[PDB]
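Q: Could you have a look at this structure, given as structure tokens, before my questions?
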Amino acid sequence: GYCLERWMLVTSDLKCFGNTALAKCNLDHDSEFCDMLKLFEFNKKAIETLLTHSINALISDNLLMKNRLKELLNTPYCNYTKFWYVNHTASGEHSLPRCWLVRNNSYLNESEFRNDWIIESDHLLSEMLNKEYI
Amino acid sequence: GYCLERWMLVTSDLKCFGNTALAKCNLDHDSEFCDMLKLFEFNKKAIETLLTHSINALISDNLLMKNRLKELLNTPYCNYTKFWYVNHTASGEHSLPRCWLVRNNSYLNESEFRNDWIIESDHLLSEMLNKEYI
Amino acid sequence: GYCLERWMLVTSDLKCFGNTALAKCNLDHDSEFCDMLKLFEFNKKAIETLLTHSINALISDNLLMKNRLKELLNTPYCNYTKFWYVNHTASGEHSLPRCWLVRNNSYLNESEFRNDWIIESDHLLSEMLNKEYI
Amino acid sequence: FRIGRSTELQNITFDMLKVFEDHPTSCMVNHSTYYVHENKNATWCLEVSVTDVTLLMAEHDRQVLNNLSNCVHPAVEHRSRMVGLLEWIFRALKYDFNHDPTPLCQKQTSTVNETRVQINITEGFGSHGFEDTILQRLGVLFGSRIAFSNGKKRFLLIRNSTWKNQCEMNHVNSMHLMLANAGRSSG
Amino acid sequence: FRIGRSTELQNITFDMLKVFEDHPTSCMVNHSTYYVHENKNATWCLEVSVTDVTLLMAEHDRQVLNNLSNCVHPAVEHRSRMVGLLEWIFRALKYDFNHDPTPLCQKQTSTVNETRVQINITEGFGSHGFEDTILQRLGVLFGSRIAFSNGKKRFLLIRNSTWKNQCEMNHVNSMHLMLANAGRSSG
Amino acid sequence: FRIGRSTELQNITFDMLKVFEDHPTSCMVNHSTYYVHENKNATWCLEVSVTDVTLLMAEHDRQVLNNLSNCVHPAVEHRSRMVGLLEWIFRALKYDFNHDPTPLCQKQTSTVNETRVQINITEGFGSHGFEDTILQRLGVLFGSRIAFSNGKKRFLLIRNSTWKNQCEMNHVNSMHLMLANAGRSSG
Ligand SMILES: *[C@@H]1O[C@H](CO)[C@@H](O[C@@H]2O[C@H](CO)[C@@H](O[C@@H]3O[C@H](CO[C@H]4O[C@H](CO)[C@@H](O)[C@H](O)[C@@H]4O)[C@@H](O)[C@H](O[C@H]4O[C@H](CO)[C@@H](O)[C@H](O)[C@@H]4O)[C@@H]3O)[C@H](O)[C@H]2NC(C)=O)[C@H](O)[C@H]1NC(C)=O
Ligand SMILES: *[C@@H]1O[C@H](CO)[C@@H](O[C@@H]2O[C@H](CO)[C@@H](O[C@@H]3O[C@H](CO[C@H]4O[C@H](CO)[C@@H](O)[C@H](O)[C@@H]4O)[C@@H](O)[C@H](O[C@H]4O[C@H](CO)[C@@H](O)[C@H](O)[C@@H]4O)[C@@H]3O)[C@H](O)[C@H]2NC(C)=O)[C@H](O)[C@H]1NC(C)=O
Ligand SMILES: *[C@@H]1O[C@H](CO)[C@@H](O[C@@H]2O[C@H](CO)[C@@H](O[C@@H]3O[C@H](CO[C@H]4O[C@H](CO)[C@@H](O)[C@H](O)[C@@H]4O)[C@@H](O)[C@H](O[C@H]4O[C@H](CO)[C@@H](O)[C@H](O)[C@@H]4O)[C@@H]3O)[C@H](O)[C@H]2NC(C)=O)[C@H](O)[C@H]1NC(C)=O
Ligand SMILES: *[C@@H]1O[C@H](CO)[C@@H](O[C@@H]2O[C@H](CO)[C@@H](O[C@@H]3O[C@H](CO[C@H]4O[C@H](CO)[C@@H](O)[C@H](O)[C@@H]4O)[C@@H](O)[C@H](O[C@H]4O[C@H](CO)[C@@H](O)[C@H](O)[C@@H]4O)[C@@H]3O)[C@H](O)[C@H]2NC(C)=O)[C@H](O)[C@H]1NC(C)=O
Ligand SMILES: *[C@@H]1O[C@H](CO)[C@@H](O[C@@H]2O[C@H](CO)[C@@H](O[C@@H]3O[C@H](CO[C@H]4O[C@H](CO)[C@@H](O)[C@H](O)[C@@H]4O)[C@@H](O)[C@H](O[C@H]4O[C@H](CO)[C@@H](O)[C@H](O)[C@@H]4O)[C@@H]3O)[C@H](O)[C@H]2NC(C)=O)[C@H](O)[C@H]1NC(C)=O
Ligand SMILES: *[C@@H]1O[C@H](CO)[C@@H](O[C@@H]2O[C@H](CO)[C@@H](O[C@@H]3O[C@H](CO[C@H]4O[C@H](CO)[C@@H](O)[C@H](O)[C@@H]4O)[C@@H](O)[C@H](O[C@H]4O[C@H](CO)[C@@H](O)[C@H](O)[C@@H]4O)[C@@H]3O)[C@H](O)[C@H]2NC(C)=O)[C@H](O)[C@H]1NC(C)=O
Ligand SMILES: *[C@@H]1O[C@H](CO)[C@@H](O[C@@H]2O[C@H](CO)[C@@H](O[C@@H]3O[C@H](CO[C@H]4O[C@H](CO)[C@@H](O)[C@H](O)[C@@H]4O)[C@@H](O)[C@H](O[C@H]4O[C@H](CO)[C@@H](O)[C@H](O)[C@@H]4O)[C@@H]3O)[C@H](O)[C@H]2NC(C)=O)[C@H](O)[C@H]1NC(C)=O
Ligand SMILES: *[C@@H]1O[C@H](CO)[C@@H](O[C@@H]2O[C@H](CO)[C@@H](O[C@@H]3O[C@H](CO[C@H]4O[C@H](CO)[C@@H](O)[C@H](O)[C@@H]4O)[C@@H](O)[C@H](O[C@H]4O[C@H](CO)[C@@H](O)[C@H](O)[C@@H]4O)[C@@H]3O)[C@H](O)[C@H]2NC(C)=O)[C@H](O)[C@H]1NC(C)=O
Ligand SMILES: *[C@@H]1O[C@H](CO)[C@@H](O[C@@H]2O[C@H](CO)[C@@H](O[C@@H]3O[C@H](CO)[C@@H](O)[C@H](O)[C@@H]3O)[C@H](O)[C@H]2NC(C)=O)[C@H](O)[C@H]1NC(C)=O
Ligand SMILES: *[C@@H]1O[C@H](CO)[C@@H](O[C@@H]2O[C@H](CO)[C@@H](O[C@@H]3O[C@H](CO)[C@@H](O)[C@H](O)[C@@H]3O)[C@H](O)[C@H]2NC(C)=O)[C@H](O)[C@H]1NC(C)=O
Ligand SMILES: *[C@@H]1O[C@H](CO)[C@@H](O[C@@H]2O[C@H](CO)[C@@H](O[C@@H]3O[C@H](CO)[C@@H](O)[C@H](O)[C@@H]3O)[C@H](O)[C@H]2NC(C)=O)[C@H](O)[C@H]1NC(C)=O
Ligand SMILES: *[C@@H]1O[C@H](CO)[C@@H](O[C@@H]2O[C@H](CO)[C@@H](O)[C@H](O)[C@H]2NC(C)=O)[C@H](O)[C@H]1NC(C)=O
Ligand SMILES: [K+]
């Protein structure tokens with residue numbers, strides 16, 4: 001699918017995301033991971049061949065504003081650094097990464113958003129089941 | 001899950017909502033029920049320990065504006081009082097409550113939004129099936 | 001379900017959309033097909049019995065603006081003319097139509113958004129399976 | 001409600017009075033008259049009315065030019081809080097004091113015991129389109145269909161009055177009023 | 001289109017001529033010239049062009065200072081409707097008449113039979129950033145890439161002309177023009 | 001992380017330094033002091049501080065009236081780029097130069113080698129509500145909670161300084177600064 005480059009991630013290990021999850025970015029939903037990928041794609045195209053003119057299209061202003069207002073209120077917010085996804089290890093199919101929320105200058109513990117990763121895992125498994133039936 | 005207090009509801013009967021549906025509020029979707037729950041949580045925290053500074057984060061301004069624009073046009077709108085949810089009685093699993101639309105100073109009849117509760121009911125049952133298979 | 005009139009479509013063929021897909025327009029999601037249907041419904045009601053006063057409610061301004069920003073950047077955008085839907089021929093049940101994106105004054109080829117129609121097809125089939133089990 | 005063999009339609013009605021009891025709220029008597037109330041305990045409300053009649057004359061009355069506070073009498077014990085609510089109303093209406101028509105308020109020596117703030121929303125007095133914006137804002141803020149409703153001059157009059165329970169509280173008008181005035185307090 | 005064994009890709013194309021026939025619309029000939037049309041039955045259109053050349057001089061021409069209506073000659077039978085469309089264009093451009101550069105319009109005694117409204121969008125004349133805002137608004141409203149495209153003076157000229165089918169109608173330009181002017185009619 | 005028998009929780013951390021290296025960024029040292037930097041290679045930064053003390057007096061100092069560029073000395077080789085960053089900061093703060101309090105800048109003959117721009121955000125000097133708006137904008141732009149934090153004069157001072165790594169770079173402040181200044185270049 002879409003393979004992220006070494007410089008994009010701190011880890012420096014190749015991360016290739018399957019086209020179904022990345023396809024979910026094209027939906028009406030405005031995300032924080034999808035925005036960052038759009039920035040990476042714009043930067044790649046710019047290197048091959050301007051950010052001020054495209055910033056409105058690449059970035060969701062409303063989502064950025066709501067995240068910062070969450071930040072100022074000491075509420076868990078998305079600061080656009082870390083993103084968590086559910087990855088079915090055996091098949092390799094994974095959910096669309098979601099922002100790892102941060103509160104009080106510290107990333108939320110896994111338990112603190114347990115439901116968020118619980119339901120996503122269930123949804124992913126459910127989809128896989130349908131693929132077997134289909 | 002999240003149990004609403006007696007004063008919050010007119011009925012005065014304890015209503016506890018399960019964590020999966022309430023987890024669906026954390027998604028990108030902006031809802032009217034989720035906004036009201038955020039207001040209730042803010043009020044509870046304020047009582048334990050300001051609404052003007054947090055009103056933007058707690059309430060979706062765009063959704064409020066579109067609901068009122070629907071109101072002024074004699075179109076069914078959400079006035080933030082009553083919310084309908086699909087509750088599988090035997091298991092207790094329920095859908096995320098959705099705003100009971102109102103038109104001409106009267107709540108819509110159940111038939112007038114039948115599809116909304118029909119498809120929602122189906123989705124809930126479908127999810128339950130997956131839980132059995134998973 | 002909802003049958004579009006002959007003058008609405010360039011094909012001049014009666015296209016009737018089932019109530020489940022059309023019900024998906026009532027959700028929080030702001031679409032381009034749903035906006036156009038709202039415009040058609042407003043026009044029908046106006047003929048039976050003003051567009052400037054209702055334009056804000058009928059049309060999503062943010063979605064229109066983001067589509068225009070994509071247009072100016074030579075990125076695939078929605079110009080509100082053609083819409084693609086996945087239609088299970090045997091049963092007749094179909095997905096909610098989605099905007100056929102256009103780039104460089106030409107509609108995208110089917111392959112250029114293959115994933116978009118792949119996943120929708122899968123989702124549609126999945127729902128049908130549940131209807132058999134339910 | 002019996003949706004299906006195993007599924008029921010259920011509803012919950014919200015009581016939001018306690019959340020919104022101590023914060024400014026608004027109501028609508030008719031498409032013309034509106035009452036703005038700071039909170040349940042307050043005994044004074046502000047009446048915003050769209051009236052054809054003229055109550056204040058430029059020659060004999062005061063004009064609001066950066067001195068809105070002087071329109072309220074110093075002797076009232078809620079003077080600052082009243083001026084705060086007035087600022088809430090004007091900010092909620094998206095009023096631009098720099099360019100939008102100069103409001104008029106009652107003379108200091110008036111026998112009548114009401115603070116009256118008169119804004120001329122007639123098309124001739126204001127710049128083009130101002131009447132439309134103000135009427136649409138009134139509908140957005142108070143739920144009125146005055147903008148949709150069909151030369152006669154119009155005025156927007158905000159007078160102070162005793163709270164006589166002229167209207168039931170609405171927490172959605174409260175949300176609109178708070179969203180317009182965000183991160184601010186009465187003053 | 002055969003997606004799968006049981007699934008087909010299907011499309012519907014929308015004809016929006018009848019919905020948008022009686023409402024103001026716009027088009028784009030080239031990144032510089034644009035035609036604004038009230039409706040199909042109108043025989044007059046307005047041409048918005050980004051031009052280097054200067055057509056109106058301050059010394060010999062009139063200035064738009066709260067009297068835009070006088071720019072259109074009284075003898076034309078659609079003068080009020082023309083002024084309404086002009087106000088639609090200016091509101092769509094988010095023009096601030098109070099602070100943005102004063103528009104110029106043709107002298108009353110001009111031999112030429114076209115109303116010309118000239119706005120100076122050169123960086124020197126306007127306050128800093130005005131040229132960027134105006135060009136971006138032109139791209140947003142007419143679909144142009146003039147802002148992205150690279151001292152030469154720049155002007156925005158709105159002149160009236162006979163509708164000669166200079167461009168195909170676009171209902172998305174119609175949606176943008178209507179959203180900019182919401183709750184108003186030509187006047 | 002073991003979500004389930006077959007499911008694992010996995011994360012990816014983003015390195016956005018290279019994407020944002022050549023574009024203006026901002027920081028927060030404390031709720032009062034913030035540094036604005038155009039790009040990594042710049043040796044000069046701009047310090048925005050909320051200070052009680054007064055650095056510029058109206059009688060002895062210059063006032064910003066459509067001549068912000070003159071506040072920066074002509075001898076500096078980054079004069080145009082510095083003025084551009086200043087315009088980026090002011091546009092990011094949603095500053096209305098027409099009506100908001102006149103900024104003051106240092107006298108041309110000042111011995112000190114820093115350009116100082118001082119804005120009076122005290123309630124009395126500014127129109128009502130300006131201090132609230134400006135403080136909320138500072139929180140929105142720099143991540144500060146100064147607005148939430150509780151007569152004392154308050155000022156907004158933007159002085160130029162040498163970039164000595166006063167702050168770690170944040171690409172979210174960079175996104176906010178870019179969104180405020182959209183389709184623009186330093187100048
Ligand atoms: C989103 O929010 C998260 C918070 O959850 C931020 O992630 C943190 O980012 C900070 C930088 O602001 C990181 O702190 C830096 O860590 C570096 C690694 O050295 C430390 O490593 C571990 C701690 O993780 C320790 O065991 C070890 O002893 C080291 O302390 C340091 O190089 C950095 O030091 C810099 O700052 C200090 C400040 O005192 C200076 O003294 C140093 O000279 C130097 O300048 C710094 O400490 C932190 O590790 C991150 N947290 C996590 C959990 O990873 C994201 O940055 C934030 N993103 C955005 C865009 O806002
Ligand atoms: C969304 O974006 C799509 C682009 O993907 C637009 O669809 C195109 O719309 C244009 C109009 O702007 C269509 O072009 C017109 O086609 C007509 C059909 O005649 C041609 O038919 C086929 C080509 O489709 C040829 O084999 C045949 O020989 C003809 O050429 C013509 O009647 C039109 O001609 C008009 O314009 C020309 C310009 O030179 C004049 O000379 C003519 O006199 C006349 O005025 C024109 O060529 C085009 O076919 C559409 N594309 C597709 C793929 O269908 C949507 O309109 C757009 N929607 C919005 C709302 O922006
Ligand atoms: C908010 O602040 C504004 C500031 O403008 C006040 O408006 C002024 O109020 C004063 C009274 O407080 C009045 O001043 C009068 O000026 C008259 C001449 O002004 C003419 O020109 C101005 C334009 O510059 C017009 O607005 C005005 O209508 C006049 O045409 C004098 O003739 C008046 O004299 C009267 O009073 C004196 C005693 O003070 C007597 O000796 C005279 O015989 C006569 O009775 C008077 O001085 C006037 O209303 C306003 N003037 C101006 C220049 O604006 C608002 O009142 C204030 N509002 C609040 C609510 O505080
Ligand atoms: C809506 O807003 C209006 C203001 O526009 C309020 O009406 C005012 O109410 C206050 C109450 O505080 C009134 O002030 C009181 O007025 C009395 C009568 O005023 C006379 O004053 C002198 C006396 O000769 C003369 O000019 C003339 O006869 C006036 O009629 C006074 O008796 C009061 O004075 C008492 O209190 C003060 C302060 O404590 C002491 O200094 C005095 O010694 C004395 O004890 C007092 O001044 C005011 O008059 C009203 N306005 C008008 C224009 O008349 C409404 O109350 C308000 N409504 C709501 C619901 O809030
Ligand atoms: C919308 O309304 C504006 C109002 O500003 C009109 O602009 C005025 O138009 C009039 C003509 O109608 C012109 O007035 C001229 O003023 C000259 C002297 O004014 C001096 O000072 C003003 C500022 O105070 C400067 O702008 C100006 O340049 C001068 O320095 C006179 O020389 C002129 O006299 C001419 O006409 C008279 C007949 O009236 C002849 O006798 C003379 O010989 C000579 O030809 C004239 O009076 C001027 O253009 C504008 N004045 C101002 C103050 O702005 C617009 O015309 C109007 N536009 C529309 C479309 O309706
Ligand atoms: C774009 O906008 C422009 C306006 O800027 C329009 O052009 C105007 O069109 C009108 C048509 O209504 C013209 O008005 C007519 O002009 C004729 C000639 O004008 C002369 O008038 C006197 C005659 O001596 C002299 O000053 C001089 O010779 C002028 O050239 C007149 O014959 C007409 O008068 C007739 O009608 C009126 C009213 O019904 C009667 O009172 C008369 O008795 C007579 O029957 C009339 O005034 C106007 O001249 C044009 N403007 C200019 C500047 O010339 C365009 O039409 C418009 N385009 C579109 C597509 O809408
Ligand atoms: C941006 O542009 C503004 C334009 O407003 C400049 O501000 C002016 O700066 C000049 C100097 O360049 C100063 O003008 C001074 O005016 C005094 C008299 O003016 C009176 O009236 C005005 C209003 O009309 C009041 O603001 C002022 O306080 C006075 O009441 C004179 O006393 C001054 O003379 C001084 O300089 C001359 C040399 O030119 C010496 O001979 C004298 O002895 C004395 O030292 C002087 O002329 C004044 O500060 C501003 N004037 C106005 C009208 O605003 C900014 O300087 C400029 N800023 C930047 C950053 O470019
Ligand atoms: C933040 O912004 C400030 C501006 O406020 C910058 O500080 C200025 O820096 C410039 C250099 O770029 C300084 O200008 C230089 O000043 C030197 C000394 O000043 C004396 O100048 C004459 C000497 O007789 C007298 O008036 C008096 O003694 C002054 O003290 C000059 O020697 C320099 O001249 C050299 O360069 C020019 C230009 O090429 C040549 O024409 C000369 O021949 C010579 O080579 C020069 O003028 C300026 O003085 C500083 N500001 C102030 C207010 O004095 C900061 O650099 C900037 N910081 C950052 C980090 O961006
Ligand atoms: C509120 O604004 C309206 C509209 O601007 C004001 O009404 C206007 O009043 C003036 C008088 O100052 C009228 O001017 C007169 O008009 C007649 C023609 O009918 C003429 O005989 C006179 O010579 C003079 O020009 C003006 O027409 C009128 N406008 C309208 C649209 O009716 C009103 O006075 C304002 N109210 C207050 C309290 O200021
Ligand atoms: C539209 O705005 C532009 C820019 O403000 C105007 O151009 C400007 O015209 C003035 C003349 O009034 C020029 O001033 C002169 O400049 C020369 C230097 O080239 C100098 O010799 C003269 O002493 C005088 O200062 C000014 O430079 C020029 N600006 C630019 C950027 O070119 C233009 O006139 C305006 N158009 C209309 C119709 O008003
Ligand atoms: C920044 O704005 C503040 C607030 O407007 C200014 O402080 C104000 O300064 C004026 C004098 O210019 C003070 O007025 C004086 O009040 C005293 C009584 O307190 C009175 O006896 C004097 O006759 C005079 O009227 C005003 O009180 C003061 N306000 C505050 C809140 O401190 C300040 O001067 C402005 N600074 C700059 C550099 O522009
Ligand atoms: C949209 O669907 C239409 C049918 O409504 C497709 O047009 C058909 O294409 C087939 C294959 O070439 C022809 O046999 C039919 O005659 C066409 N029908 C009509 C009415 O023109 C069309 O391919 C689709 N549009 C796309 C893919 O852009
Ligand atoms: K202004």
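Read-outs throughout are calculated quantities, based only on the coordinates presented, and are distinct from any laboratory measurement. Here Cβ is always computed from backbone atoms with ideal geometry, including for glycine, and neighbour counts include all displayed protein chains.
Q: State all residues of the stretch D:103-126 that are under 26 Å from E:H99 (Cβ atoms) and out of contact with any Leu (no Cβ under 7 Å at 6 or more places or on another chain); if no residue qualifies, say none.
A: Passing the criteria: D:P103, D:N120, D:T122, D:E123, D:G124, D:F125, D:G126.
Q: Another one. List every residue pair whose Cβ atoms sit under 8 Å apart, with the two residues 6 or more apart in sequence or on different chains, where the first one lies in the stretch D:141-157 and is within 11 Å of another protein chain (Cβ to nearest Cβ) and the second, anywhere, is outside any loop (DSSP other than H, G, I, E, B) and among the polar types (S, T, N, Q).
A: Going by the 8 Å Cβ cut-off, the qualifying pairs are D:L141/D:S26; D:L141/D:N173; D:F142/D:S26; D:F142/D:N173; D:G143/D:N170; D:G143/D:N173; D:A147/D:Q136.
Q: Condition (residue is of a type outside the set (G, A, S) and under 20 Å from F:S161 (Cα atoms)) applied to the stretch F:3-19: is it met by at least one residue?
A: No, every residue in the stretch F:3-19 fails to be of a type outside the set (G, A, S) and under 20 Å from F:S161 (Cα atoms).
Q: While we're on this one: So which pairs qualify, if the first residue must be in the stretch F:115-127 and within 14 Å of another protein chain (Cβ to nearest Cβ), the second must be more than 9 Å from ligand 11 (Cβ to nearest atom) and of a type in the set (D, E, K, R), the Cβ gap must be under 6 Å, and the two must be at least 6 apart or on different chains?
A: F:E123/F:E131
Q: Continuing with this model, one more query. On the basis of being in contact with a helix residue (DSSP H, G or I) (Cβ under 9 Å, 6 or more places away or on another chain) and of a type in the set (S, T, Y), does F:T109 make the cut?
A: no
Q: So if I check each of F:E38, F:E21, F:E47, F:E59, which one is among the charged types (D, E, K, R) and within 16 Å of ligand 7 (Cβ to nearest atom)?
A: Details: F:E38 fails: within 16 Å of ligand 7 (Cβ to nearest atom); F:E21 fails: within 16 Å of ligand 7 (Cβ to nearest atom); F:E47 fails: within 16 Å of ligand 7 (Cβ to nearest atom).
Residue meeting the stated conditions: F:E59.
Q: Follow-up question, since we're still on this one. Part of a helix (DSSP H, G or I), under 30 Å from F:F148 (Cα atoms), away from ligand 2 (no atom under 16 Å from the Cβ) and touching a strand residue (DSSP E or B) at 6+ places or on another chain (Cβ under 9 Å): does that describe A:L124?
A: no
Q: Can you tell me how many residues within the stretch F:158-180 are touching an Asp or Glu at 6+ places or on another chain (Cβ under 8 Å) and either within 16 Å of ligand 12 (Cβ to nearest atom) or at the interface with chain A (Cβ under 9 Å from one of its Cβ atoms) (or both)?
A: Final tally of qualifying residues: 1.
Q: Filtering the stretch D:80-117 down to residues that are more than 13 Å from D:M178 (Cα to Cα) and of a type in the set (A, V, I, L, M), which residue is nearest to the chain's Cα centre (by Cα)?
A: Taking the candidates together, the pick is D:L86.
Conditions tested, residue by residue: (1) more than 22 Å from E:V19 (Cβ to Cβ); (2) polar (S, T, N, Q); (3) within 16 Å of ligand 3 (Cβ to nearest atom).
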residue: C:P76; (1), (2), (3): yes, no, no
residue: C:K82; (1), (2), (3): no, no, no
residue: C:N105; (1), (2), (3): yes, yes, no
residue: C:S111; (1), (2), (3): yes, yes, no
residue: C:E120; (1), (2), (3): yes, no, no
residue: C:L125; (1), (2), (3): yes, no, no
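Q: Hey, could you check the stretch E:98-122 for residues that are within 30 Å of D:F97 (Cα to Cα) and hydrophobic (A, V, I, L, M, F, W, C) and say which is nearest to ligand 6 (Cβ to nearest atom)? Walk me through how you get there before you give the answer.
A: Just the residues of the stretch E:98-122 that are within 30 Å of D:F97 (Cα to Cα), to begin with: E:98-105, E:117-122.
Those left that are additionally hydrophobic (A, V, I, L, M, F, W, C): E:104-105, E:117, E:119, E:121.
Numbers: E:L104: 14, E:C105: 9, E:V117: 11, E:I119: 17, E:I121: 23 Å.
This residue is E:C105.
Matching residues to (1) away from chain B (no Cβ under 14 Å); (2) touching a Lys or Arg at 6+ places or on another chain (Cβ under 6 Å); (3) more than 16 Å from ligand 13 (Cβ to nearest atom); (4) at positive phi:
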{"position": "C:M36", "(1), (2), (3), (4)": "yes, no, yes, no"}
{"position": "C:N43", "(1), (2), (3), (4)": "yes, no, yes, no"}
{"position": "C:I59", "(1), (2), (3), (4)": "no, no, yes, no"}
{"position": "C:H88", "(1), (2), (3), (4)": "yes, no, yes, no"}
{"position": "C:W100", "(1), (2), (3), (4)": "yes, yes, yes, no"}
{"position": "C:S121", "(1), (2), (3), (4)": "yes, no, yes, no"}
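Q: Oh, and also: Run down C:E127, C:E71, C:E110, C:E132 and say which single residue is among the acidic types (D, E), more than 8 Å from every other protein chain (Cβ to nearest Cβ) and away from ligand 4 (no atom under 16 Å from the Cβ).
A: Numbers: C:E127 fails: more than 8 Å from every other protein chain (Cβ to nearest Cβ); C:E71 fails: more than 8 Å from every other protein chain (Cβ to nearest Cβ); C:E110 fails: more than 8 Å from every other protein chain (Cβ to nearest Cβ).
Exactly one of C:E127, C:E71, C:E110, C:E132 is among the acidic types (D, E), more than 8 Å from every other protein chain (Cβ to nearest Cβ) and away from ligand 4 (no atom under 16 Å from the Cβ), namely C:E132.
Q: If a residue must be more than 21 Å from F:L86 (Cβ to Cβ) and either within 16 Å of ligand 9 (Cβ to nearest atom) or among the polar types (S, T, N, Q) (or both), how many such residues does the stretch E:116-146 contain?
A: 5
Listed here are the residues, each with its yes/no results for (1) touching a helix residue (DSSP H, G or I) at 6+ places or on another chain (Cβ under 6 Å); (2) among the charged types (D, E, K, R); (3) not in a loop (DSSP other than H, G, I, E, B).
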position: E:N11; (1), (2), (3): no, no, yes
position: E:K18; (1), (2), (3): no, yes, yes
position: E:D22; (1), (2), (3): no, yes, no
position: E:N30; (1), (2), (3): no, no, no
position: E:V48; (1), (2), (3): no, no, yes
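Q: Let me ask another. What is the residue count in the stretch C:16-30 for residues that are more than 14 Å from chain B (Cβ to nearest Cβ) and either in contact with a helix residue (DSSP H, G or I) (Cβ under 7 Å, 6 or more places away or on another chain) or more than 19 Å from B:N115 (Cβ to Cβ) (or both)?
A: Summing the residues that are more than 14 Å from chain B (Cβ to nearest Cβ) and either in contact with a helix residue (DSSP H, G or I) (Cβ under 7 Å, 6 or more places away or on another chain) or more than 19 Å from B:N115 (Cβ to Cβ) (or both) in the stretch C:16-30 gives 0.
Q: Run D:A92 past the list (1) touching a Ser or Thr at 6+ places or on another chain (Cβ under 7 Å); (2) within 14 Å of chain B (Cβ to nearest Cβ) and report the number of the one that doesn't hold.
A: The one condition D:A92 does not meet is (1).
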